[PDB]
Amino acid sequence: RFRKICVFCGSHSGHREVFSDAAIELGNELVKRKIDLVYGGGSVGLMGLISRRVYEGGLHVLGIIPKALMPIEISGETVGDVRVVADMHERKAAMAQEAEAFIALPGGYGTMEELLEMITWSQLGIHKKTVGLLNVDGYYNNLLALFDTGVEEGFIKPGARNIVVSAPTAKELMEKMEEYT
Amino acid sequence: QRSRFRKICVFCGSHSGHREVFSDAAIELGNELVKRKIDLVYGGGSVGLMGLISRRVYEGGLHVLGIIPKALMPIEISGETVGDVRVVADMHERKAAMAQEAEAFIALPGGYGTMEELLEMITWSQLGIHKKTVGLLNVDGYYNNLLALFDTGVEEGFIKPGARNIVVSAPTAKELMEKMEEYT
């Protein structure tokens with residue numbers, strides 16, 4: 001049973017409704033399960049939608065963002081708390097620490113970098129937290145093929161491939177991450 | 001020959017892969033670094049791919065530096081060392097120190113950890129954090145799935161053109177070098 005999670009996404013929602021709509025479903029799952037949210041502090045894109053839902057849903061919303069990135073990811077009128085930090089690094093250690101599991105929701109390079117990093121810490125044993133993945137409309141099928149390529153070729157261990165918990169819907173992803181211990 | 005780089009950081013780990021083609025590639029990149037008078041920078045691993053491109057740039061007269069978090073020394077360095085092995089306390093220290101010393105990067109094939117530096121360095125270029133070309137030897141299409149993922153990001157609006165333009169890859173160290181030497 002989780003107390004909070006740090007979803008990874010960006011300032012874009014994606015052209016097709018499935019991505020934004022997928023982000024709304026994750027928010028609704030977090031609300032129903034009474035789980036607080038940790039994220040990049042962005043007030044727009046999938047980040048805006050995610051915290052926007054959990055906030056209104058009641059649960060706590062803790063955003064974490066680097067000083068210089070604020071003019072980029074925060075526009076409009078902020079909702080929820082933000083613990084500004086030094087830079088990308090502090091952000092990296094701030095998103096983990098202040099959170100539990102990790103759903104690296106569909107996103108761009110920043111989000112990809114965040115996912116690979118959390119899995120990397122679990123692989124090395126730096127920390128022991130569930131690393132999930134919401135594979136909306138197969139957006140990550142490729143990334144899911146690269147991990148294996150790494151296994152088959154010998155750069156990733158067969159067991160280490162099991163660090164990634166993915167599903168096509170927020171509902172199943174949450175169940176999976178709750179049905180694995 | 002001439003080059004616009006003096007120091008190159010190559011991402012890769014302590015595993016060389018099952019097929020010998022990947023080890024062959026690691027050495028070739030070393031050769032491309034040596035022929036161009038480029039010093040090497042890496043994680044400090046003595047085995048795997050790191051152990052190959054490190055012992056190559058060394059036997060080439062160019063300096064080698066294996067920056068590594070102290071807790072990863074016992075598990076990484078073994079048998080001996082090559083060049084200088086800068087040692088730090090954690091991950092971010094290594095990430096910043098390797099990136100701070102590098103004028104460019106190349107992600108040789110590798111597992112999760114390799115995909116860690118590769119994505120962040122590109123992410124940093126995308127955010128204008130630094131102005132540095134990002135490379136990756138795409139041995140036998142090892143990353144054909146990552147490039148396809150990037151394309152997917154572009155086609156779905158999460159990745160703009162210019163950003164996708166950050167990645168500079170090739171199937172051989174020679175072409176990759178030629179493509180990166182000519183990047184803007």
# chains A, B, ... in the order shown; residues from 1 in each chain; ligands from 1
call {"tool": "residues_around", "arguments": {"residues": "residue 115 (chain B)", "least_positions_apart": "5", "cutoff": "12 Å", "atoms": "only C-alpha atoms", "output": "number ranges by chain"}}
result
A: 109, 112-120, 143, 146-147, 150, 155-156; B: 10-13, 106-110, 120-123, 136, 142-143, 146
call {"tool": "closest_atom_pairs", "arguments": {"of": "chain B", "to": "chain A", "cutoff": "7 Å", "atoms": "only C-alpha atoms", "output": "tab-separated table"}}
result
residue	atom	partner	partner_atom	distance
B:15	CA	A:155	CA	5.8
B:17	CA	A:154	CA	4.3
B:18	CA	A:154	CA	5.4
B:19	CA	A:153	CA	6.8
B:92	CA	A:89	CA	5.9
B:110	CA	A:155	CA	5.4
B:111	CA	A:155	CA	4.7
B:112	CA	A:120	CA	5.8
B:113	CA	A:120	CA	5.8
B:115	CA	A:116	CA	6.5
B:116	CA	A:116	CA	5.6
B:119	CA	A:113	CA	5.0
B:120	CA	A:113	CA	5.5
B:123	CA	A:109	CA	5.5
B:142	CA	A:149	CA	6.9
B:143	CA	A:146	CA	6.7
B:145	CA	A:142	CA	5.2
B:146	CA	A:143	CA	6.0
B:148	CA	A:142	CA	6.5
B:149	CA	A:142	CA	5.3
B:153	CA	A:108	CA	6.2
B:156	CA	A:14	CA	5.9
B:157	CA	A:14	CA	5.3
B:158	CA	A:108	CA	5.0
B:159	CA	A:108	CA	5.6
call {"tool": "residues_around", "arguments": {"residues": "region 42-55 of chain B", "least_positions_apart": "6", "cutoff": "8 Å", "atoms": "only C-alpha atoms", "output": "PDB file with N, CA, C and O atoms, in the first residue's frame"}}
result
ATOM      1  N   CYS B   9      33.725  11.658 -23.589  1.00  0.00           N
ATOM      2  CA  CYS B   9      33.206  10.742 -22.576  1.00  0.00           C
ATOM      3  C   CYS B   9      32.339   9.679 -23.252  1.00  0.00           C
ATOM      4  O   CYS B   9      31.355  10.003 -23.922  1.00  0.00           O
ATOM      5  N   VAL B  10      32.711   8.414 -23.076  1.00  0.00           N
ATOM      6  CA  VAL B  10      31.962   7.317 -23.664  1.00  0.00           C
ATOM      7  C   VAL B  10      31.207   6.543 -22.593  1.00  0.00           C
ATOM      8  O   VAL B  10      31.817   6.015 -21.662  1.00  0.00           O
ATOM      9  N   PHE B  11      29.886   6.476 -22.733  1.00  0.00           N
ATOM     10  CA  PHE B  11      29.057   5.751 -21.785  1.00  0.00           C
ATOM     11  C   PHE B  11      28.986   4.273 -22.183  1.00  0.00           C
ATOM     12  O   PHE B  11      28.779   3.941 -23.353  1.00  0.00           O
ATOM     13  N   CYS B  12      29.167   3.398 -21.200  1.00  0.00           N
ATOM     14  CA  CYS B  12      29.111   1.952 -21.394  1.00  0.00           C
ATOM     15  C   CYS B  12      29.387   1.333 -20.029  1.00  0.00           C
ATOM     16  O   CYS B  12      29.903   2.008 -19.142  1.00  0.00           O
ATOM     17  N   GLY B  13      29.050   0.062 -19.858  1.00  0.00           N
ATOM     18  CA  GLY B  13      29.245  -0.565 -18.564  1.00  0.00           C
ATOM     19  C   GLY B  13      30.277  -1.670 -18.455  1.00  0.00           C
ATOM     20  O   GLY B  13      31.157  -1.814 -19.311  1.00  0.00           O
ATOM     21  N   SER B  14      30.158  -2.457 -17.384  1.00  0.00           N
ATOM     22  CA  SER B  14      31.083  -3.548 -17.106  1.00  0.00           C
ATOM     23  C   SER B  14      30.739  -4.868 -17.774  1.00  0.00           C
ATOM     24  O   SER B  14      31.253  -5.915 -17.376  1.00  0.00           O
ATOM     25  N   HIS B  15      29.860  -4.832 -18.771  1.00  0.00           N
ATOM     26  CA  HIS B  15      29.515  -6.043 -19.512  1.00  0.00           C
ATOM     27  C   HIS B  15      29.843  -5.771 -20.981  1.00  0.00           C
ATOM     28  O   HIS B  15      29.595  -4.671 -21.485  1.00  0.00           O
ATOM     29  N   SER B  16      30.410  -6.764 -21.661  1.00  0.00           N
ATOM     30  CA  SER B  16      30.782  -6.602 -23.062  1.00  0.00           C
ATOM     31  C   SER B  16      29.764  -7.205 -24.017  1.00  0.00           C
ATOM     32  O   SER B  16      29.916  -7.092 -25.233  1.00  0.00           O
ATOM     33  N   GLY B  17      28.725  -7.831 -23.470  1.00  0.00           N
ATOM     34  CA  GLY B  17      27.703  -8.455 -24.302  1.00  0.00           C
ATOM     35  C   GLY B  17      28.085  -9.879 -24.699  1.00  0.00           C
ATOM     36  O   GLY B  17      29.260 -10.243 -24.658  1.00  0.00           O
ATOM     37  N   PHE B  22      30.100  -6.464 -30.306  1.00  0.00           N
ATOM     38  CA  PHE B  22      30.099  -5.271 -29.457  1.00  0.00           C
ATOM     39  C   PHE B  22      31.482  -4.911 -28.917  1.00  0.00           C
ATOM     40  O   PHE B  22      31.828  -3.727 -28.834  1.00  0.00           O
ATOM     41  N   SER B  23      32.272  -5.917 -28.552  1.00  0.00           N
ATOM     42  CA  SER B  23      33.620  -5.646 -28.063  1.00  0.00           C
ATOM     43  C   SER B  23      34.447  -5.092 -29.224  1.00  0.00           C
ATOM     44  O   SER B  23      35.247  -4.175 -29.039  1.00  0.00           O
ATOM     45  N   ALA B  26      33.741  -1.444 -29.503  1.00  0.00           N
ATOM     46  CA  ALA B  26      34.354  -0.634 -28.453  1.00  0.00           C
ATOM     47  C   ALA B  26      35.804  -0.286 -28.796  1.00  0.00           C
ATOM     48  O   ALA B  26      36.248   0.852 -28.605  1.00  0.00           O
ATOM     49  N   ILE B  27      36.547  -1.271 -29.291  1.00  0.00           N
ATOM     50  CA  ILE B  27      37.939  -1.041 -29.652  1.00  0.00           C
ATOM     51  C   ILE B  27      37.998  -0.072 -30.836  1.00  0.00           C
ATOM     52  O   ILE B  27      38.785   0.883 -30.829  1.00  0.00           O
ATOM     53  N   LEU B  29      36.052   2.315 -31.627  1.00  0.00           N
ATOM     54  CA  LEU B  29      35.806   3.687 -31.184  1.00  0.00           C
ATOM     55  C   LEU B  29      37.080   4.218 -30.529  1.00  0.00           C
ATOM     56  O   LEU B  29      37.433   5.387 -30.688  1.00  0.00           O
ATOM     57  N   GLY B  30      37.766   3.353 -29.789  1.00  0.00           N
ATOM     58  CA  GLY B  30      39.010   3.755 -29.163  1.00  0.00           C
ATOM     59  C   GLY B  30      39.981   4.180 -30.255  1.00  0.00           C
ATOM     60  O   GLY B  30      40.643   5.218 -30.151  1.00  0.00           O
ATOM     61  N   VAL B  64      43.349   8.800 -19.944  1.00  0.00           N
ATOM     62  CA  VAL B  64      42.134   8.093 -19.568  1.00  0.00           C
ATOM     63  C   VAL B  64      41.765   8.449 -18.124  1.00  0.00           C
ATOM     64  O   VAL B  64      42.634   8.565 -17.259  1.00  0.00           O
ATOM     65  N   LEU B  65      40.469   8.624 -17.876  1.00  0.00           N
ATOM     66  CA  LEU B  65      39.968   8.966 -16.550  1.00  0.00           C
ATOM     67  C   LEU B  65      38.665   8.230 -16.250  1.00  0.00           C
ATOM     68  O   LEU B  65      37.639   8.481 -16.887  1.00  0.00           O
ATOM     69  N   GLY B  66      38.710   7.330 -15.274  1.00  0.00           N
ATOM     70  CA  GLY B  66      37.525   6.585 -14.899  1.00  0.00           C
ATOM     71  C   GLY B  66      36.900   7.146 -13.635  1.00  0.00           C
ATOM     72  O   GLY B  66      37.197   6.685 -12.527  1.00  0.00           O
ATOM     73  N   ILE B  67      36.041   8.149 -13.798  1.00  0.00           N
ATOM     74  CA  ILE B  67      35.366   8.778 -12.664  1.00  0.00           C
ATOM     75  C   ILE B  67      34.348   7.777 -12.133  1.00  0.00           C
ATOM     76  O   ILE B  67      33.549   7.222 -12.896  1.00  0.00           O
ATOM     77  N   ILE B  68      34.362   7.551 -10.824  1.00  0.00           N
ATOM     78  CA  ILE B  68      33.483   6.538 -10.254  1.00  0.00           C
ATOM     79  C   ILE B  68      33.133   6.755  -8.781  1.00  0.00           C
ATOM     80  O   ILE B  68      33.982   7.139  -7.984  1.00  0.00           O
ATOM     81  N   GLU B  76      33.366  -2.658  -9.499  1.00  0.00           N
ATOM     82  CA  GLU B  76      33.765  -2.325 -10.856  1.00  0.00           C
ATOM     83  C   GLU B  76      35.233  -2.578 -11.171  1.00  0.00           C
ATOM     84  O   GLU B  76      35.552  -3.479 -11.949  1.00  0.00           O
ATOM     85  N   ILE B  77      36.126  -1.786 -10.580  1.00  0.00           N
ATOM     86  CA  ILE B  77      37.555  -1.956 -10.832  1.00  0.00           C
ATOM     87  C   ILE B  77      38.089  -3.269 -10.282  1.00  0.00           C
ATOM     88  O   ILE B  77      37.865  -3.613  -9.120  1.00  0.00           O
ATOM     89  N   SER B  78      38.804  -3.998 -11.130  1.00  0.00           N
ATOM     90  CA  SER B  78      39.360  -5.279 -10.737  1.00  0.00           C
ATOM     91  C   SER B  78      40.584  -5.631 -11.570  1.00  0.00           C
ATOM     92  O   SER B  78      40.650  -5.326 -12.760  1.00  0.00           O
ATOM     93  N   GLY B  79      41.551  -6.278 -10.932  1.00  0.00           N
ATOM     94  CA  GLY B  79      42.764  -6.668 -11.621  1.00  0.00           C
ATOM     95  C   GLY B  79      43.775  -5.544 -11.698  1.00  0.00           C
ATOM     96  O   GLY B  79      44.924  -5.704 -11.287  1.00  0.00           O
ATOM     97  N   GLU B  80      43.348  -4.396 -12.206  1.00  0.00           N
ATOM     98  CA  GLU B  80      44.241  -3.256 -12.355  1.00  0.00           C
ATOM     99  C   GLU B  80      43.452  -1.980 -12.655  1.00  0.00           C
ATOM    100  O   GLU B  80      42.238  -1.927 -12.452  1.00  0.00           O
ATOM    101  N   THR B  81      44.155  -0.960 -13.140  1.00  0.00           N
ATOM    102  CA  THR B  81      43.530   0.305 -13.505  1.00  0.00           C
ATOM    103  C   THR B  81      44.181   0.862 -14.770  1.00  0.00           C
ATOM    104  O   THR B  81      45.221   0.381 -15.210  1.00  0.00           O
ATOM    105  N   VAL B  82      43.558   1.872 -15.361  1.00  0.00           N
ATOM    106  CA  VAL B  82      44.081   2.460 -16.583  1.00  0.00           C
ATOM    107  C   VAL B  82      43.956   3.979 -16.543  1.00  0.00           C
ATOM    108  O   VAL B  82      42.856   4.523 -16.437  1.00  0.00           O
ATOM    109  N   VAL B  85      41.775   7.309 -12.261  1.00  0.00           N
ATOM    110  CA  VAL B  85      40.429   6.881 -11.903  1.00  0.00           C
ATOM    111  C   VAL B  85      39.802   7.814 -10.869  1.00  0.00           C
ATOM    112  O   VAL B  85      39.752   7.476  -9.687  1.00  0.00           O
ATOM    113  N   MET B  98      31.640  13.846 -14.914  1.00  0.00           N
ATOM    114  CA  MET B  98      31.905  13.301 -16.238  1.00  0.00           C
ATOM    115  C   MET B  98      31.429  14.319 -17.282  1.00  0.00           C
ATOM    116  O   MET B  98      32.133  14.604 -18.254  1.00  0.00           O
TER     117      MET B  98
END
call {"tool": "atom_distance", "arguments": {"atom1": "CA of residue 7 (chain A)", "atom2": "CA of residue 63 (chain A)"}}
result
10.3 Å
call {"tool": "select_by_dssp", "arguments": {"residues": "region 24-154 of chain A", "states": "strand (DSSP E or B)", "output": "list in words"}}
result
residues 36, 37, 38, 39, 61, 62, 63, 66, 81, 82, 85, 101, 102, 103, 131, 132, 133 and 134 of chain A
call {"tool": "atom_distance", "arguments": {"atom1": "CA of residue 174 (chain B)", "atom2": "CA of residue 130 (chain B)"}}
result
24.8 Å
call {"tool": "atom_distance", "arguments": {"atom1": "CA of residue 34 (chain B)", "atom2": "CA of residue 100 (chain B)"}}
result
21.3 Å
call {"tool": "select_by_dssp", "arguments": {"residues": "region 9-107 of chain B", "states": "alpha helix (DSSP H)", "output": "CSV table (one decimal) with C-alpha atoms, in the first residue's frame"}}
result
chain,number,residue,atom,x,y,z
B,21,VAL,CA,30.7,-7.7,-32.3
B,22,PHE,CA,30.1,-5.3,-29.5
B,23,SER,CA,33.6,-5.6,-28.1
B,24,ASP,CA,35.0,-5.2,-31.6
B,25,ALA,CA,33.0,-1.9,-31.8
B,26,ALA,CA,34.4,-0.6,-28.5
B,27,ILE,CA,37.9,-1.0,-29.7
B,28,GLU,CA,37.1,0.6,-33.0
B,29,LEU,CA,35.8,3.7,-31.2
B,30,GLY,CA,39.0,3.8,-29.2
B,31,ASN,CA,40.9,3.7,-32.4
B,32,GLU,CA,38.8,6.6,-33.7
B,33,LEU,CA,39.6,8.5,-30.5
B,34,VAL,CA,43.3,7.7,-30.7
B,35,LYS,CA,43.7,8.6,-34.4
B,50,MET,CA,34.5,0.0,-20.3
B,51,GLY,CA,37.6,-2.2,-19.9
B,52,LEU,CA,38.0,-2.1,-23.7
B,53,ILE,CA,37.7,1.5,-24.8
B,54,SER,CA,39.7,2.4,-21.7
B,55,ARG,CA,42.7,0.2,-22.5
B,56,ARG,CA,42.6,1.4,-26.1
B,57,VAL,CA,42.8,5.2,-25.6
B,58,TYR,CA,45.6,4.4,-23.1
B,73,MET,CA,34.9,0.6,-7.0
B,74,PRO,CA,35.0,-2.9,-5.4
B,75,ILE,CA,32.3,-4.0,-7.8
B,76,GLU,CA,33.8,-2.3,-10.9
B,91,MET,CA,25.7,9.2,-8.7
B,92,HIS,CA,25.1,12.9,-9.3
B,93,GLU,CA,28.7,13.6,-8.5
B,94,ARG,CA,29.8,11.2,-11.2
B,95,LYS,CA,27.2,12.5,-13.6
B,96,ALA,CA,28.2,16.1,-13.1
B,97,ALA,CA,32.0,15.4,-13.1
B,98,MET,CA,31.9,13.3,-16.2
B,99,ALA,CA,29.7,15.9,-18.0
B,100,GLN,CA,31.8,18.7,-16.7
B,101,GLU,CA,35.0,17.3,-18.1
call {"tool": "residues_around", "arguments": {"residues": "residue 5 (chain A)", "least_positions_apart": "2", "cutoff": "12 Å", "atoms": "only C-alpha atoms", "output": "PyMOL selection string"}}
result
chain A and resi 1-3+7-8+26-27+29-31+33-40+50-51+54+59-63+95-105+129-132+174+177
call {"tool": "closest_residue", "arguments": {"among": "B:124, B:151, B:172, B:181", "to": "residue 6 (chain B)", "atoms": "only C-alpha atoms"}}
result
B:181
call {"tool": "residues_around", "arguments": {"residues": "residue 5 (chain B)", "least_positions_apart": "5", "cutoff": "9 Å", "atoms": "only C-alpha atoms", "output": "JSON, numbers by chain"}}
result
{"B": [36, 37, 38, 103, 104, 181]}
